[PDB]
Amino acid sequence: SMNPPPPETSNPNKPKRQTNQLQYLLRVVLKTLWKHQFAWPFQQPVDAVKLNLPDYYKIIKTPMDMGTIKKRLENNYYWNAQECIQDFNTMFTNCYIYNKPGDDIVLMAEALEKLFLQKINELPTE
Ligand SMILES: COc1ccc2c(c1)N(CCCNC(=O)c1cccc3c1N[C@H](C)CC(=O)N3)CCC2
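Numbering (the numbering used here), first residue to last: 31 to 156.
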């Protein structure tokens, strides 16, 4: 099977804005996670072809990744911070559904999630 197209990062029919929390998600939260040693697997859509995961898009119908989230923030794709946080949460939940708990990838996601949740606790007032 071919990869699916990636998630949309722009939509000319979706209203756009910047908020204080969206700027914090891009400038602080995403920056902290992106520089982590464990970030690489999560910096772009899951390439199920290159990574030999032929059932990945059979099991995961709501793919999400940090590269898409970055692009969405830079493109002012989100209206609400919660949309952005939901994408991060989807990304971690996919990892927990698809892989065995002991898998290296899951240990890596658990660490990144922990750092995510700490940084979201520091979100400024809307
Ligand atoms: C990122 O691009 C590349 C390109 C080339 C190479 C690598 C990575 N790597 C690093 C490989 C990173 N492995 C994965 O991602 C991965 C592998 C198996 C299963 C999952 C995996 N993780 C995703 C989140 C999907 C997921 O749930 N489970 C090395 C070989 C060369």
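Just so you know, even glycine gets a beta-carbon here, dropped at the ideal spot from N, CA and C.
The beta carbon of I135 sits closer than 7 angstroms to those of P71, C125, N129, all from its chain and outside the five residues before and after it, given in chain order. Distance between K46 and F68, taken at the CA atoms: about 31 angstroms. In the DSSP assignment, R102 falls within the unbroken alpha helix (DSSP H) covering 96-104. Between ligand 1 and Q53, a heavy atom-to-CB distance of less than 8 angstroms is absent.
Proximity of the beta carbon of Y128 to ligand 1 is indicated: a heavy atom of the ligand is located closer than 8 angstroms. DSSP places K88 in the helix class (H, G or I) of the three-state scheme. Excluding its 5 nearest sequence neighbours in each direction, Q74 has C-beta neighbours in its own chain below 6 angstroms: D95, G97, listed in chain order. For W64, the enclosing alpha helix (DSSP H) stretches over residues 61-64. Exclusion of the five residues before and after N105 leaves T39, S40 as the residues of its chain whose Cβ lies within less than 7 angstroms of its Cβ. Within the same chain, Cβ atoms closer than 7 angstroms to the Cβ of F118 are found at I99, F146, the five residues on either side in sequence being excluded.
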